[PDB]
Every structure is written in C-alpha cells, then in structure tokens.
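Any value given below was found using the heavy atoms of this structure, including those in side chains, with hydrogens, waters and symmetry copies removed. We count ligands from 1, going down the list as the structure has it; atoms in each ligand are counted the same way. We name chains A, B, ... by the order of the sequence lines, and we start the count at 1 in each one.
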Protein chains: 2
Amino acid sequence: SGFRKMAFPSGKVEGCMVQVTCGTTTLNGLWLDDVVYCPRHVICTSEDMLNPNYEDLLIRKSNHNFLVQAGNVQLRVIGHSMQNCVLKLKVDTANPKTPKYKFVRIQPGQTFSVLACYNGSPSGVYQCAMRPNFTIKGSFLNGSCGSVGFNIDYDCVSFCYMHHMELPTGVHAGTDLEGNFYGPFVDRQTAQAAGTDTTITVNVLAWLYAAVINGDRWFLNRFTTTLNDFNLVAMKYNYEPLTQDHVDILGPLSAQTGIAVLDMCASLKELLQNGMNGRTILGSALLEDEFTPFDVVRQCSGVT
Amino acid sequence: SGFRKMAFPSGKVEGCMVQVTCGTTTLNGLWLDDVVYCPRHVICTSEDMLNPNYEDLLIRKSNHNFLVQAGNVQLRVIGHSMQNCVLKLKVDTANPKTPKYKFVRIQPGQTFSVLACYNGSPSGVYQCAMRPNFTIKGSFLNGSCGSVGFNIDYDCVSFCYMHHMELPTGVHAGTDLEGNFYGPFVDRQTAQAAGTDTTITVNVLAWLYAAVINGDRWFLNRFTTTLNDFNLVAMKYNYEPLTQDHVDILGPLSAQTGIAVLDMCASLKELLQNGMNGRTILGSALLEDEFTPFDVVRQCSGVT
Ligand SMILES: *CCC(=O)N(c1cc(C(C)(C)C)on1)[C@@H](C(=O)NC(C)(C)C)c1cccnc1
Ligand SMILES: *CCC(=O)N(c1cc(C(C)(C)C)on1)[C@@H](C(=O)NC(C)(C)C)c1cccnc1
C-alpha cells in the first residue's frame with residue numbers, strides 16, 4: 001500500500017550524462033554510442049539569444065570548439081551536425097555504459113522521469129508529465145539544458161525529452177532527441193506564452209483508481225454518468241475531453257477495483273462541482289494528473 | 001525556476017541492490033564490500049510472523065540456506081550474523097560497485113531518497129521524510145523489504161533507512177543499517193498504531209521560502225509574530241514546535257529572500273487560520289513538509 005510520485009531509477013541515464021562547453025556556455029549532453037546530443041543554443045552567446053541564425057553561428061564553430069567532458073576525461077570530437085534544435089557531436093569513443101535505448105516522441109499527458117544535471121553531473125531525479133500545452137512544470141536552473149526526460153521498459157531507455165529553455169511564465173520547453181520542440185516553442189529569448197494548462201482527465205481517473213486500491217474511498221458516490229454528460233463538466237473545469245480510448249485504457253483499473261469507468265467519472269464530476277471540502281486523496285488536496293493509467297498499474301503491481 | 005519533489009540519482013545505490021531468498025521468502029538486500037544487509041524477517045515463514053523468536057529461528061539456518069543473487073550471478077555466503085533487526089551475510093566477493101558510504105541514523109523531519117526494489121531489482125525512486133511519529137508514507141508492496149532510504153554528499157551515500165514492514169494503517173516502518181527500528185516498532189504481525197503524524201514546521205517554512213524564490217508570493221502578508229505566539233497556533237494545528245535552532249537553520253533562506261523567519265511564521269500562522277481559499281503554492285493545495293531547509297538550498301542552487 002501507499003502511493004508516491006515515483007521516477008524510474010536514473011542509474012542507466014547517469015552513465016550517459018556529459019558536460020558540453022562552447023566558449024563561455026557550459027550545459028549537459030547525452031552520450032549514446034559515439035554521439036553526444038545537446039541543445040544547439042550551446043553555440044549562442046547572450047548577444048545571440050535574442051535573434052540567432054543557428055546555421056550562420058554554426059559556420060564559425062569547428063569540432064575542436066566543442067569541449068566534451070565525461071567525468072574528468074575529455075572526449076575527442078571528430079564531427080558535428082545540427083538536426084533541428086539539437087547538436088550531434090560524433091566522438092572517437094563509444095560510451096561504454098550505453099544502455100539499450102530508443103528516441104520516442106511522447107503525446108501530451110504521457111509521463112516520464114527527468115534527471116536534472118549541471119556541468120554533465122546529475123543533481124536530482126523527479127517524475128514529470130508533458131502538459132497538454134506542450135510545457136512541463138520541471139525544476140531547472142541555468143546550466144540544466146541537456147537534462148533529459150526518459151521512460152524505461154525493463155532494460156531499454158526510451159529518451160522522450162531534452163530540456164532547452166524556461167518561458168517567462170516559469171514553465172519549461174524542450175525537444176525530443178531528434179531536436180523537434182514539443183509545442184510551438186523556438187530556442188529564442190522572445191515573447192512565448194504557453195496555452196491553457198488543461199488537466200489530464202484520464203490521468204486523474206487512474207489516480208482516483210490508485211486511491212481506491214490504497215484504501216482512500218471517501219470520494220466514491222452512488223452516481224454514474226455518460227462520456228457526453230461528464231465532458232460537459234470537464235469542459236467547464238478546463239479538463240481534457242475523455243474519449244472511448246481513455247475508457248479502454250482504464251479498463252484494467254476498472255476490472256481490478258470492480259468500479260465502472262463512468263461511475264468513477266461521476267465521482268470526479270462531483271469533486272469538480274463540490275471540491276474536496278478540506279479533505280485529501282492519497283495525501284493531496286488537489287486532483288493529481290501526472291500519473292498515467294500505466295504508471296498506476298506499474299506502481300501497484302511492482303514492475304522492475 | 002520551478003520546484004519539484006526531487007530524489008537523489010539512484011545509480012550508486014542500484015549497484016548495491018541484490019535478491020536475498022531464505023526458503024519461500026524473497027526480499028531485497030544491500031551489498032556493500034563483502035557484506036549483504038537485509039531484514040532479519042527473511043528467515044520467517046507466515047506461521048512465524050505473529051510471535052517469532054528470531055534467535056531460535058536463526059539457529060535452524062546455515063550460510064547455504066541464504067541464497068544471494070546479484071543480477072543473475074549467485075554470491076557465496078561464508079558467514080551470517082544478526083545485528084538488532086537486520087541480517088549481515090558475509091559473501092566471498094566485495095561488491096565491485098561499492099560507493100563511498102556511511103550508516104547514519106536520521107532525526108524525524110529529515111528527508112531521504114528511497115529506491116523501491118523487488119527481487120533485488122530497482123522499480124522506482126521517490127523522495128521521503130522520516131515522520132515525527134517515526135513512520136514514512138512510502139509506496140511499498142510485498143517483496144519491497146530491504147529497499148533502502150539514502151542521502152548523497154557529492155559521491156558518499158549515507159544509508160539512513162531499510163524498509164521492514166507496513167502498519168495496518170497503511171504507513172511504513174523500518175530500521176537504520178545497524179538494525180535499530182525508527183520509533184517503537186517491532187518486526188512482528190501485531191497491533192502497532194502510529195502516533196500523531198504532526199507537520200514538520202521548519203520544512204513547511206523552507207518550502208514557503210522556496211515558493212517566494214520561484215515567484216509564488218500571494219501568501220506573504222503585512223504581519224510578523226514571535227516563536228511563543230506562533231507555537232500556540234502550531235500546537236492547535238498539530239505542527240511541530242519551532243525552536244531557535246529551526247530559525248538559525250532557515251537563516252540562509254531568510255537572507256536570500258530578505259524575509260525575516262518570524263515574518264514567514266506570521267504568513268504560515270494566517271494560512272493555518274484562513275486556509276488556502278482554493279489557491280495553490282508551488283502547485284500544491286496543502287502545505288508541503290517533506291522539503292528540509294537543506295533540500296530547498298540544494299535544489300535552488302543546483303548542487304551536483
Ligand atoms: C540552460 C540554458 C539557460 O540557462 N537558459 C537559457 C535559454 C536560452 C535561450 C533558449 C534563449 C537560447 O538561453 N539561456 C534559461 C532560459 O530559458 N532563459 C530564458 C532567457 C528565459 C529563455 C533557463 C533557466 C532555467 C531553466 N532552464 C533554462
Ligand atoms: C516485505 C515483507 C512484506 O511483504 N510484509 C511483511 C512484513 C512482515 C512482518 C514484519 C510481520 C514479519 O511479514 N511480511 C508486508 C507487511 O508489512 N505486512 C504486515 C503483515 C502488515 C506486517 C509489507 C507490505 C507492503 C509493504 N511493505 C511490507
């Protein structure tokens with residue numbers, strides 16, 4: 001029993017974290033095989049950050065201008081290429097600690113673990129969700145760029161996120177490992193506002209299912225509802241519209257608890273309309289939406 | 001900017017996790033040098049769990065009855081001893097991945113990272129606090145016993161907690177790595193109730209200081225108070241009495257923010273007396289008390 005905001009063990013990803021310096025700018029890099037992946041804004045001075053022409057800035061740079069440091073040993077850069085918003089620095093040594101890995105682009109609502117790094121050195125690990133406005137509410141300072149978000153399938157590390165920048169609103173924007181930004185964000189110091197940070201409805205229901213499993217059942221009521229009827233209330237409360245796909249994905253949790261998905265929707269509907277009334281579900285005074293149905297099944301069944 | 005419930009990177013501790021089997025009972029073990037540390041209740045059958053005489057149960061056991069598995073290789077047990085509530089199995093191989101490590105006994109209110117393990121395989125990592133009633137609100141299933149709580153000082157792992165059992169109340173009890181239980185808990189299946197789970201006042205103030213740093217300042221008011229006056233309100237709200245030591249420890253946060261500790265106490269006093277009024281501080285609808293003053297300074301200054 002007990003339910004916690006769990007991150008994947010970072011060990012496999014710690015072994016891939018390196019320090020990438022270009023001039024006065026130092027940030028984190030991901031070393032998989034004989035390639036080091038980092039944000040392309042490593043080449044930018046504070047002068048450039050406003051309106052940088054990356055292709056033009058990159059012409060000035062050579063292999064020897066990119067200083068890659070793993071632990072306290074220097075890696076020899078033998079080639080550099082720009083793919084979208086990330087730099088790929090080819091080194092002469094394959095990372096001996098390279099795990100089984102994939103580069104996946106996650107959908108909004110999907111969760112991942114973040115290893116926050118500074119000068120290629122991991123500082124902490126926390127669990128995260130790709131917000132429906134393609135932001136993430138991380139904990140990042142300066143020199144955190146290159147810190148990666150990942151999921152582990154037993155021994156295979158699916159790298160989904162690289163951190164690039166913080167918006168003036170205090171939330172975070174980044175790319176997949178192909179350098180394509182999540183949402184409409186560009187690596188520029190410009191007026192960029194996040195959209196509506198809607199609540200991940202399917203994740204809340206999974207977390208309500210998690211609450212029932214762990215014995216927090218006060219919120220369970222005598223009502224059911226319909227997708228259409230629930231979605232009217234969800235719209236009003238800036239919740240994501242719930243689909244038949246979401247219901248199907250919650251099927252396992254529905255089966256294990258013996259609570260129909262639409263009965264749990266009715267309990268959620270009442271919590272939106274009435275609030276908590278000063279009560280807590282799994283030691284939280286608001287409805288947590290950073291646990292996927294998969295996260296709950298994983299944590300509740302003890303997947304290693 | 002941004003503030004997250006951060007755990008230490010688990011990599012160093014992942015390399016110390018092994019599977020310890022005694023009969024039908026499998027649980028996690030900590031392999032440091034040529035010693036494997038696990039809960040002594042590994043020797044217990046379900047029959048024993050009610051009223052076990054561990055010394056008498058242990059007479060029946062030999063070195064060869066303890067099956068230690070690191071990854072998918074078997075370790076040879078060449079000696080076993082019972083220290084309090086943990087078993088120390090001496091193996092013929094020193095753990096090649098043994099980090100710099102200490103065995104520290106933490107005080108209630110102190111925070112640590114937990115690597116939740118099953119069959120010696122790490123499943124997830126989450127940050128925790130030793131509750132003032134010497135319980136922890138972890139996420140643990142069956143076979144989680146031997147999962148350890150730790151703090152990292154750069155490259156040195158201070159092991160503070162080993163998980164032993166869940167109380168019928170759904171909270172968790174465990175030992176330091178000398179086998180001494182936190183609080184009055186015994187490794188028995190018996191009527192054991194936790195004391196009052198009081199709020200860690202100093203941790204809340206640190207987290208309020210963290211909120212101000214990250215730009216959540218709505219709760220800052222025009223009032224100050226005194227230790228004695230604040231402590232009257234704290235008592236009423238089942239908060240830990242705040243001492244001069246706590247004020248001194250918050251000094252750095254007080255200096256950086258330019259907010260006197262007793263002015264922040266006055267803001268907390270009002271939040272206790274008035275509630276949140278449906279608002280959130282650092283995306284939380286209740287007052288978080290699982291961040292130490294040290295945790296906030298660490299996360300806000302990016303210590304690696
Ligand atoms: C890791 C880089 C960094 O410190 N930042 C940053 C981003 C940029 C670009 C995208 C404008 C090139 O330059 N420096 C911070 C940041 O996002 N700052 C702006 C100016 C608000 C964009 C940053 C701070 C905290 C966390 N992550 C990044
Ligand atoms: C890891 C051992 C386990 O599954 N438990 C357990 C504890 C005990 C003793 C202390 C009675 C010997 O035997 N089995 C669970 C547990 O604490 N169960 C009781 C019966 C409620 C004590 C346990 C479950 C979930 C998380 N941790 C432990």
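Using a 4.5 Å heavy-atom threshold, the side chains of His80(B) and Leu58(B) count as touching.
The heavy atom nearest to atom 2 (C) of ligand 2, considering only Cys145(B), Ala173(B), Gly138(B), is found in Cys145(B). Of the options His164(B), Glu166(B), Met49(B), the smallest heavy-atom separation from atom 7 (C) of ligand 2 is shown by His164(B).
Salt-bridge check for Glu290(A) with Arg4(B): passed, with a basic side-chain N closer than 4.0 Å to an acidic carboxylate O.
Distances below 4.0 Å separate heavy atoms of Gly143(B) from the following atoms of ligand 2: 1 (C), 4 (O). Heavy-atom contacts of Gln189(A) reach the following atoms of ligand 1: 11 (C), 20 (C) (cutoff under 4.0 Å). Within the listing of ligand 2, atoms 11 (C) sit less than 4.0 angstrom from a heavy atom of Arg188(B). Of all atoms in ligand 2, listed by their number and element, those nearer than 4.0 Å to a heavy atom of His41(B) are 2 (C), 12 (C). For ligand 2, the atoms lying closer than 4.0 Å to a non-hydrogen atom of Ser144(B) are 26 (C), 27 (N).
Contact annotation for atom 22 (C) of ligand 1: protein present (non-hydrogen atoms, distance under 4.0 Å). Less than 4.0 angstrom separates atom 9 (C) of ligand 2 from none of the non-hydrogen atoms of the protein.
Of all the heavy atoms of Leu167(A), none lies under 4.0 Å from any atom of ligand 1, so neither backbone nor side chain is involved. Residue contacts with ligand 1 for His163(A) involve side-chain atoms from C-beta outward but no N, CA, C or O (heavy atoms, distance under 4.0 Å).
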Apply side-chain contact (heavy atoms from CB on, under 4.5 Å) to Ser139(B) and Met6(A), showing your working.
-> CA-CA 8 Å; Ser139(B) 177; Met6(A) 253 181 191; 4.1 Å; yes
Yes or no on side-chain contact (heavy atoms from CB on, under 4.5 Å) for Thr175(A) and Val86(A), after CA distance, side-chain angles and deciding distance?
-> CA-CA 8 Å; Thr175(A) 66; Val86(A) 293; 3.7 Å; yes
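You'll find the ring centres of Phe134(A) and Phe185(A) outside the 6.0 Å limit. Close placement of the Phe103(B) and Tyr37(B) rings is indicated, their centers lying within 6.0 Å of each other.
With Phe112(B) as the partner, the ring pair (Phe, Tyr, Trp, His ring centres under 6.0 Å) test is satisfied by one option alone out of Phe294(B), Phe150(B), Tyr161(B): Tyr161(B).
Among all non-hydrogen protein atoms, the one lying nearest atom 24 (C) of ligand 1 is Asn142(A) ND2, 3.5 Å. Counting only heavy atoms of the protein, atom 26 (C) of ligand 1 lies nearest to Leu141(A) O, 3.1 Å.
Cation-pi check for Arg298(B) over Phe8(B) is not met; the charged atom does not lie both under 6.0 angstrom from the ring centroid and within 45 degrees of its normal.
In this model, a donor atom of one side chain and an acceptor atom of the other lie less than 3.5 Å apart for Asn133(B) and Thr135(B).
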